[PDB]
Structure formats: C-alpha cells, structure tokens
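Visitor: Sharing an experimental structure here, sequence included.
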Amino acid sequence: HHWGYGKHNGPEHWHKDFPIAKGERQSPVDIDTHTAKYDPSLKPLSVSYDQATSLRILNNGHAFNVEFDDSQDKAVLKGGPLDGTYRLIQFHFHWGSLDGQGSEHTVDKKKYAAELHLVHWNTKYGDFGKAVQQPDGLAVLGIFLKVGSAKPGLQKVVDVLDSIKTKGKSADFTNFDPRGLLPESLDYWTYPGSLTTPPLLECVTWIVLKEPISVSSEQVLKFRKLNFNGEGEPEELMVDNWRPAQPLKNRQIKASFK
Ligand SMILES: COc1cc2c(cc1OC)[C@@H](C)N(S(N)(=O)=O)CC2
Ligand SMILES: COc1cc2c(cc1OC)[C@H](C)N(S(N)(=O)=O)CC2
Ligand SMILES: [Zn+2]
C-alpha cells in the first residue's frame, strides 16, 4: 500500500507519490572527504542537552522514534552553520541487515552499520509542522554507528525494544539522556538537504559528525529484531530502513575541521 523499504515500495518508487524525491537538495549524500572544504566562517557547534525530557518511544512501521517534550526551550542545537536556535523533537536510527550497510550518508562511499538522526526544528517557526515548510526549518545531527565496543548510553533504548516490536506500539520512555549517544568529538560536515523519508521536504541543514560511535553487535542485533509489520501480521524484520545516497547536484559540503 504505502511507502517503505521493500522492492515494491522502496526508495526507487518514492518519486511517484513524492516527486521532490528527484529534487535539487535531496538527502542523504556521499561525503567525499577530499572535496569537502574547511570553512573558517563556521561558528562553534553547541549541543545543549542537559534539560532534555524524553517522553515515549514509538515503532512507526519504518523505524523507532524516541520523542521529546519540545514545548519549552530545553534541549537545543545552535552554532556551527546554524542561525538561531533549534529544538530537539525526536531521534531515530537507520540500520542494516548486515554490519556492512545501514547508514544513509556515506563517507568516501563507506557505509556504516547504522546512523542516528537527532531531529531539531528552528524555533523561529513556532513548531515542527511549520518548520518543515521552510528551507532552514530543521537541523538534523547525524551520527554514524560502527560495530565494536558497546555504547552504554544506548542500552536503555535497546532494552525497551522488546516492548515495541511491531508497528503502532509505543512505550513510556522518560528520563533518557541523549548525551550518552554522542561521540567525543563534534567535528562535522554540513550541507543543505532534505528529510530522508517521505515527504522528502527540502528543509534540513544537515550536520554529520565525523567521529562514529561504537555499538556492540548485540545492540544492533536487537534493532534487527524489530518488525515493520503490525501485531498479528506475518513477520517482516525491520532491517535496511535506509535511503541510499542521492545526487549532490549544486551543493558543497563544508567541514568544520582542518
Ligand atoms: C499495493 O499498494 C502499493 C501502494 C504503493 C506502493 C506500492 C504498493 O504495492 C507494491 C508504492 C510504490 N508507493 S510509493 N509512496 O511511491 O512508494 C506508495 C503506494
Ligand atoms: C515520523 O516521525 C519522524 C520521522 C522522521 C523525522 C522526524 C520525525 O518526527 C519529527 C526526520 C525528519 N527524519 S530524517 N531521516 O531525519 O530526515 C525522517 C523520519
Ligand atoms: Zn532519519
């Protein structure tokens, strides 16, 4: 019926319902590290998550979303390429069926096992639905995951997944601190792009950290036990929920580091 990640409804089909799929600023993209240019005009990046208030985790049939109370100026992203203040609304991941794929952005064509997206909206537009209608409406902080050592700050997420196995299920998810998902370094690449799922709106300033976080094989295996289907339907494992790299077109990727 609707869009997803399969042969018959996956990324290569999305353009029929969402023609912007073939637009001028689509995401993700390949980050060619040799062509990205250091930009001295970039101000320092500010990730201020100390007062973040998580609420709930939801399996939406595409990924799982950890949702935050964004009714107050709490968890915010500022600086870097951004003008003004962007408020955290949710995070989610994209991942693969195997450790050699899963990320949406690639780095010199390298695919990581997964990619975390911390989604923020520009407070100048008042709320998320108005923000996605603007070219500078969203800022998505993207963080690569590689398989190696466990990420202790991820385990609370992993352990709730059994309770939201299928599409439409949610669970209370309070007091989760997203600071535990960040790598040491805030070095990043940035470029103007889009949502990577329908409606594919061209409203995102992408900020993709250079340093991946490490998660354990067991952690990512638990992601792959989720289901795309609803309860009581035949099992379709939630794997390979990533859009591949799209044409860069008339864009430059800027680096925050020399
Ligand atoms: C049977 O019903 C289907 C409905 C749709 C699709 C596939 C289906 O079966 C394969 C995909 C191709 N489009 S979309 N949004 O362009 O990916 C959504 C509508
Ligand atoms: C349905 O809930 C959401 C899903 C998605 C996003 C935000 C959501 O709630 C705010 C953002 C925009 N991503 S992405 N991959 O960072 O571009 C697409 C998927
Ligand atoms: Zn995403």
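Guide: Received, thanks. Numbers count the residues shown, from 1 in each chain. Ligands and ions are numbered 1, 2, ... in the order given.

Visitor: Across the sheet, point out what pairs with the residue nearest to residue 172 when sequence neighbours are not counted.
Guide: Closest residue to residue 172 apart from its sequence neighbours, by Cβ to Cβ, 6 or more residues apart in numbering: residue 56 at 6.2 Å. From N, CA and C alone the C-beta is placed, and that goes for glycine too. Here residue 56 sits in beta bridges with residue 67, residue 172, going by DSSP bridges.

Visitor: surely residue 56 meets residue 175?
Guide: No: using Cβ atoms under 8 Å, residue 56 makes no contact with residue 175, being 12.0 Å away.

Visitor: the more surrounded of the two?
Guide: residue 56 (16 against 10; other Cβ atoms under 10 Å).

Visitor: Just say helix, strand or coil for the closest residue to ligand 1 within the stretch 101-250 of the chain.
Guide: Distances between the stretch 101-250 of the chain and ligand 1 by Cβ to the nearest ligand atom are smallest at residue 198, namely 6.2 Å. The three-state label given to residue 198 by DSSP: H, G, I helix; E, B strand; the rest coil is coil.

Visitor: residues near it, how many?
Guide: Applying other Cβ under 10 Å, we find 18 residues neighbouring residue 198.

Visitor: thinking it is in contact with residue 18, fair?
Guide: Yes: in terms of Cβ under 8 Å, residue 198 counts as a neighbour of residue 18; the distance is 4.9 Å.

Visitor: between those two, what contacts are shared?
Guide: Here residue 198 and residue 18 have residue 3 as joint contacts, going by Cβ atoms under 8 Å, 6 or more residues apart in numbering.

Visitor: Run a quick neighbour tally on residue 96.
Guide: 21.

Visitor: who are the neighbours in contact with it?
Guide: By Cβ under 8 Å, 6+ apart, residue 96 lies in contact with 102-103, 111, 113-114, 239-240, 242.

Visitor: same question, residue 140
Guide: Applying Cβ under 8 Å, 6+ apart, the residues contacting residue 140 are 117-120, 204-207.

Visitor: could you redo the last one with a cut-off of 7 Å?
Guide: 117-119, 204, 206 (Cβ atoms under 7 Å, 6 or more residues apart in numbering).

Visitor: Surely it is within a helix?
Guide: No: under three-state DSSP, residue 140 falls outside any helix and is assigned strand.

Visitor: Tell me how far the residue nearest to residue 240 when sequence neighbours are not counted lies from residue 195.
Guide: With sequence-adjacent residues excluded and distances taken as Cβ to Cβ, 6+ apart, residue 240 is closest to residue 97, at 5.2 Å. Separation of residue 97 from residue 195 (Cβ to Cβ, to the nearest Å) stands at 23 Å.

Visitor: Can you flag which of the contacts of residue 96 belong to strands?
Guide: The members of the contacts of residue 96 that map onto strands under DSSP state E are residue 114.
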